[PDB]
Each structure stands twice: as C-alpha cells, then as structure tokens.
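If you're matching them up, the sequences are chains A and A' in order. A prime marks a further copy of an entry chain.
So that you can map any letter, position 93 of the first sequence is 93 in the entry's author numbering, and since no number is skipped, the others follow by simple counting.
So that you can map any letter, position 112 of the second sequence is 112 in the entry's author numbering, and since no number is skipped, the others follow by simple counting.
Yeah, the Cβ is synthetic: ideal placement off N, Cα and C, and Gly gets one too.
Written below as structure tokens is the structure these notes are about.
2 protein chains.
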Amino acid sequence: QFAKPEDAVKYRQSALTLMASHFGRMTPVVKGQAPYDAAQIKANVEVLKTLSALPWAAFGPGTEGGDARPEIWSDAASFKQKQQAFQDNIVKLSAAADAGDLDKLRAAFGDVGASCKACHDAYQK
Amino acid sequence: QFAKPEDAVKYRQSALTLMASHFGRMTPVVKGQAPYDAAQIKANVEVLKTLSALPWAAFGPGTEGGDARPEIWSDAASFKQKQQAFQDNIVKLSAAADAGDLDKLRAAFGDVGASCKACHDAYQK
Ligand code: HEC
Ligand code: HEC
C-alpha cells in the first residue's frame, strides 16, 4: 500500500505512536492512580488490539529506514517471532480486559510492556 | 490521555495518517486497476472503521496546534457536525463492504472522500 519505502516508515511510526498512546494511557489505571472502569478498559483494549496488528506489514521487504535497526531485515525471522509474541501477549490482555479483573489486567499489562521492551532492545536504534 | 497539548497533535496526525492509508489503498480497487476481493476489502474497512473514530478526541479543549486551523475550536460545533457526518459515511462504506458489492463500494467510497475534502476545506491549513 506504499508508493515509496518512506511511506511505509511514516505509516509504521504512526501506528506505533497510536499503539503507545492506547497502551500507555492505561498506566495510571493499572497503578491504581486512576479509577478502574471495566467497560472503559475493555473498549480501549479492543482499539489497542486492532492497532497492535498494524505496524508489522509496514516492515515489508525493501522498507529499510526510520529508527529501525537494519537487523529487522537482516534477521527478519527473529523480528517476526518478537511481533507474534507481542501479539500473543495482546490476546492475554484482551482476555483480562474482557474478564473485568484488575489483577489480571495488571499482570497482562506488565507482560505486554516487557514484550515492547524486548523488541526495542534488539530492533530500535 | 495527553500529557501536553502537542501530544494530542502528534496523536491526531498519526491517526489521520493511518486513516488516509487505509482509505487511499482502496483507490485502485474502486477504479478497477486492482482486483476486487470482497473479504480483503471487508477486513480493511473494519480497520478503517476503528481508525476513523480516533482523531476527534485529540481535538479536545486546549489542544490548538498542528495544521489545524484555529476554527476547529472557535467553531467547535461546525467541526463536530463534519466529524459525525464523516463517521456516518464510514457506516455506509462498512455496509457496502459487508455486502461485497463493488458498485456500492464505489459509491460509498466517493461519499467518504467528499466528506474528507469538506472538512479539509474548512479546517486544515
Ligand atoms: C516486534 C517489534 C516491536 C514491538 C513488539 C514494539 N515495538 Fe515499538 N518500535 C519498533 C521499531 C522497529 C520502531 C522504530 C520504527 C521506525 O522508526 O521505523 C519502534 C518505534 C516505536 C515508537 C516511536 C514511533 C515513532 O513515532 O517514530 C513508539 C512510540 C513505540 N515504538 C512504542 C511501542 C509500544 C508502546 C509497544 C508495545 C505496546 C511497542 N512499541 C512494541 C519495534 C517494536
Ligand atoms: C471532521 C474533520 C476531518 C475529516 C472528516 C478528515 N480530516 Fe484529514 N485532517 C483534519 C484536520 C483538522 C487535519 C490537521 C490536523 C493537525 O495537524 O492537527 C487533518 C490532517 C490530515 C492528514 C495529515 C496528517 C499529518 O500527518 O499531519 C491526512 C493524511 C488526512 N488529514 C487525511 C484524511 C482522510 C483520508 C480523510 C477521510 C477518509 C480525512 N482526513 C478526514 C480534519 C479532518
């Protein structure tokens, strides 16, 4: 869907920005600093679910650039495992949000955040 | 969800970028230049649906900035009608995509695009 490789870079950065907002905005809720409204969080995690599937198709072949480390493409398969692991952790977060259980949400949220960091540590400059 | 007003600006620009990609990538399909796969389009329009609800909450009070014209806030209510009209046109597009009818998709797509332009004409610098 990208006319030039920089279009893919702009798309993925935008997706990751939105992901970060939908993930990070829950931090005060998981910490108990903002109230826990189960319906609010369920809705938000549904948006995060959708968003969290979007960046990976914009690291296609030939889309080298941005703050991506070249190893996204030089070890594409390690990168792929890290995206699928992250998405699997999003499934656990969705289940916790659908259950309406703050303890489960806290645990899942930490799992998701660890998965973000693991990919950054290897693939972000 | 924004620590400072510029955070809202970055969020909305990112949402609108993603919206534009999910909308514009269908152009060759509606023009007949790329094949029409009803399941492909149905899935894509579901993503566009989700995305199309996201920018408006990031034009909150006090989030003046970006390439937004000041009138988004000085006539907030005209801006609001234009967002709700755009979202209503997204509903028609979703219905066309769910029906799997290329003629209906073409008509809805044109309706949506006209709604994008109508808002830009009044509110984008
Ligand atoms: C499987 C790999 C991977 C996962 C998982 C991942 N990221 Fe990243 N992230 C990247 C890469 C690669 C970049 C740099 C992209 C670029 O500049 O081309 C990035 C960039 C970003 C950016 C900056 C985008 C910009 O505007 O330039 C943010 C914000 C971000 N990530 C947040 C997150 C959050 C929050 C999570 C987890 C909820 C997450 N990421 C999970 C790989 C990942
Ligand atoms: C109800 C108003 C409204 C509608 C509807 C709307 N836009 Fe916009 N658009 C804006 C405003 C306001 C900006 C500038 C936002 C800013 O810079 O703060 C903008 C900016 C953009 C940008 C640039 C974002 C960036 O990276 O800075 C793109 C791309 C875009 N719009 C595409 C679209 C498409 C495609 C549609 C329809 C599918 C659409 N817009 C519908 C109001 C709207």
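What I want to know is whether the C-beta of residue i ends up closer than 7 Å to one or more non-hydrogen atoms of ligand 2.
i                   : result
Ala-68 of chain A'  : yes
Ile-72 of chain A'  : yes
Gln-40 of chain A   : no
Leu-105 of chain A' : no
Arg-25 of chain A'  : no
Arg-12 of chain A'  : yes
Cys-119 of chain A  : no
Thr-17 of chain A'  : yes
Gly-62 of chain A   : no
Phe-86 of chain A'  : yes
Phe-79 of chain A'  : yes
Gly-32 of chain A   : no
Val-9 of chain A'   : yes
How is the alpha helix (DSSP H) around residue i delimited, first residue to last?
i                  : result
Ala-15 of chain A  : 5 to 24
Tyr-123 of chain A : 102 to 123
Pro-28 of chain A  : 27 to 30
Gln-84 of chain A' : 76 to 99
Using only the heavy atoms of ligand 1, determine whether one of them is closer than 7 Å to the beta carbon of residue i.
i                  : result
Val-45 of chain A  : no
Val-91 of chain A  : no
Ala-20 of chain A  : yes
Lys-82 of chain A  : yes
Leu-54 of chain A  : no
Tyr-123 of chain A : yes
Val-112 of chain A : yes
Return yes when the Cβ of residue j is within less than 8 Å of the Cβ of residue i, no when it is not.
i                       : j                   : result
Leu-105 of chain A      : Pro-55 of chain A   : no
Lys-92 of chain A'      : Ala-108 of chain A' : yes
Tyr-123 of chain A'     : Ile-41 of chain A'  : no
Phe-59 of chain A       : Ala-53 of chain A   : no
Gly-65 of chain A'      : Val-112 of chain A' : no
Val-45 of chain A'      : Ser-94 of chain A'  : yes
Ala-38 of chain A'      : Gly-110 of chain A' : no
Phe-79 of chain A'      : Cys-116 of chain A' : no
residue 185 of chain A' : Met-19 of chain A'  : Since the first residue of chain A' shown is 1 and the last is 125, residue 185 of chain A' is not available in this structure.
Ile-90 of chain A'      : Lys-49 of chain A'  : yes
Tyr-11 of chain A       : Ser-21 of chain A'  : yes
Helix, strand or coil for residue i, going by three-state DSSP, please let me know.
i                  : result
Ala-53 of chain A' : coil
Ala-34 of chain A' : coil
Report whether the distance from the Cβ of residue i to the nearest heavy atom of ligand 3 is below 7 Å.
i                   : result
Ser-115 of chain A' : Ligands present in the displayed structure are limited to ligand 1 and ligand 2, and ligand 3 is not among them.
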